[PDB]
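Below, in structure tokens: the form deposited in one PDB entry, a single chain.
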């Protein structure tokens, strides 16, 4: 009946690695439930990467299309975030096989993404890293936004922020112009993503040049796309934030829903997960491990032994209060 620690988990598999986290599939023994667990060595964060992740995960959790936080704990060397295991692959891989999605399919995904982004936004958070490989699919085919490492988390009314970041292909013109910006940059990114889903290529097709393309060149809509598909791509991919779909100060989200491209969507049904996804993820392997790279799943299921020369220099006071258990 004590607060959670490593001791309470079976390590099942290594499933992922990013710049910060080693990501493992784990099982909470006493409940037999499985989770992903992000393992971040303290030597990486000895700054407030930590608080932002923790808050975003929290502010999220229990929303249908965002990866939620089960619990956080620490050891002497590491932080651990225990989170929902999402095992249906990701839009990236999915675009590779499909090459190009039907407009109906892209509508479904962009609806679920839109709901997720709006929800984030109404809690003062700019996602800032929407891209195909940050849209996971759960086992049933519903999306979940992942990777909150880029998020900004404290935007009150209009209020703005300033940091140049994001993934090159998805970076809004505001940011590229070095403007102050709000939520607008997420809707731009959704435009790029939707274009990718329906056209099967980036709308931008040297990183210095890419930024020149984004800023100064007209976007070519592929001729085979419906009028509604063209309209919505043109609206989200407006270079002017003020004029961009979803970006109007008070009715942003309302406009998105009211856009003809979306006329078929029952938003309340979508938000409740009562729309049947257009695609059912294949779940092969134990716990669907086959949807993860084998370079990860073939790793030994362990944490790398600590190194005292490093571990002794960690200021442990920096992580007081890290511990968390969700309140559901």
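Residue numbers count along the first chain shown, from 1. We call the rigid core whatever largest set of C-alpha positions still superposes within 1.5 Å between the two forms.
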**OP:** Please count the deposited residues lying between residue 46 and residue 47 that the model leaves without coordinates, and give the class: none, 1 to 3, 4 to 9, or 10 or more.
**Re:** 4 to 9
**OP:** Using the PDB record, quantify the missing residues of the deposited sequence between residue 240 and residue 241 as none, 1 to 3, 4 to 9, or 10 or more.
**Re:** none
Original post:
So 89-97 or 208-216, which one's hotter by mean CA B-factor in the entry?
Top reply: 208-216
**OP:** Look up the CA B-factors in the entry and say which stretch, 33-41 or 267-275, has the higher mean.
**Re:** 267-275
Original post:
Going by the deposited entry, which of 157, 141, 149, 200 has the highest CA temperature factor?
Top reply: 157
Original post:
Of the choices 302, 297, 51, 61, which one's C-alpha carries the largest B-factor in the record?
Top reply: 61
**OP:** Would you mind checking where the Cα B-factor of residue 174 ranks among the modelled residues of its chain, as the lowest, middle or highest third?
**Re:** highest
**OP:** Comparing against every modelled residue in the chain, figure out the third that the C-alpha B-factor of residue 68 lands in (lowest, middle or highest).
**Re:** lowest
Subject >> Chain-wide C-alpha B factor ranking for residue 191, given as lowest, middle or highest third >> reply: lowest
**OP:** Check where residue 78 lands among this chain's C-alpha B-factors and tell me if it's the lowest, middle or highest third.
**Re:** lowest
Original post:
Comparing residue 131 with the other modelled residues of its chain, is its CA B-factor in the lowest, middle or highest third?
Top reply: lowest
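Not pictured, yet referred to below: the form deposited with a partner chain bound.
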**OP:** Tell me, yes or no, whether residue 44 is in contact with the partner chain in the deposited bound form, where a contact means a heavy atom of each within 4.5 Å.
**Re:** yes
Original post:
Using 4.5 Å between non-hydrogen atoms, is residue 251 touching the partner chain in the deposited bound form?
Top reply: no
Subject >> the partner chain contact at residue 162 in the deposited bound form, heavy atom, 4.5 Å >> reply: yes
Subject >> Interface membership of residue 133, the partner chain in the deposited bound form, 4.5 Å heavy atom rule >> reply: yes
Original post:
Looking at 202, 226, 75, 212, which has any heavy atom no more than 4.5 Å from the partner chain in the deposited bound form?
Top reply: 202
Subject >> Sole residue of 138, 174, 84, 129 within 4.5 Å of the partner chain in the deposited bound form, by heavy atom >> reply: 129
**OP:** For the three residues 58, 287 and 322, verify that every one has a non-hydrogen atom within 4.5 Å of the partner chain in the deposited bound form; reply yes or no.
**Re:** no
**OP:** Choose one stretch from 111-119, 215-223, 235-243, 86-94: the one whose residues place a heavy atom within 4.5 angstroms of the partner chain in the deposited bound form.
**Re:** 86-94
**OP:** Select from 243, 122, 180, 76 the only position whose Cα moves 2 Å or more between this form and the one not shown when the core is aligned.
**Re:** 76
Original post:
Once everything's superposed on the core, is residue 270 shifted 2 Å or more at the Cα between this form and the one not shown?
Top reply: no
**OP:** Please check if residue 280 moves between this form and the one not shown, taking a CA shift of 2 Å or more relative to the superposed core as movement.
**Re:** no
**OP:** Kindly check if the Cα atom of residue 41 is displaced 2 angstroms or more between this form and the one not shown relative to the superposed rigid core.
**Re:** yes
